[PDB]
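Read the structure below first, then the notes.
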Amino acid sequence: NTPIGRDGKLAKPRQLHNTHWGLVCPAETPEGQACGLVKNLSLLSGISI
DNA sequence: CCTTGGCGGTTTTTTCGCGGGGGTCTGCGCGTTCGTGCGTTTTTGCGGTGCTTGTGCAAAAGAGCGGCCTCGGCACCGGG
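Written out as C-alpha cells, the structure is:
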C-alpha cells in the first residue's frame, strides 16, 4: 500500500512506472480510489531483510 | 512558774460472790421435696463480611486584511 491518501491526489504516483518491471504486477490493481496506489508483488520478488 | 496529777486517808457502795429458780433456745432426729448439679442441646450479642452505593481521579482557488508603498496637494514658510 502507498499511504498517499486521497487529499492532494495526482496522477503520477498512480501510474505504472518503467522501474516497476519485474517487481510488481503490471495488471493487478484495484478500481476506484485506490487504483495504482495498491500494488502486488511479482511472483519472484522478495524484500531485503 | 503555777498548776494538775499524785499520794494518802476515809467513806461509799456495788462488784461480785454463792445459791436458787425458771424458761428459753439450741441441738438431735426424723421425714421430704424441691433445688441445684449434671447432662445434651441451644441462643443473643457480637465479629467479620457482602454488595449496595457513590464520588473521586493535500491539493487548488479566491478573498481579505495588512502594511507598505507611492504620490499629489496643502500649508507653513521663504524671497523680495
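Residue numbering for the first sequence follows the entry's author numbering, beginning at 492 and increasing consecutively. Note that the Cβ used here is the ideal one computed from N, Cα and C, for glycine as well.
Who does residue i pair with in a DSSP beta bridge?
| i | result |
| --- | --- |
| residue 515 | 532 |
Identify which residue in the options has its Cα closest to the Cα of residue i.
| i | options | result |
| --- | --- | --- |
| residue 508 | 527, 494, 492 | 527 |
| residue 492 | 535, 529, 537, 536 | 529 |
| residue 536 | 495, 521, 512 | 512 |
Assuming contact is defined by CB atoms lying nearer than 8 angstroms, are residue i and residue j in contact in what I supplied?
| i | j | result |
| --- | --- | --- |
| residue 524 | residue 497 | yes |
| residue 514 | residue 539 | no |
| residue 531 | residue 519 | yes |
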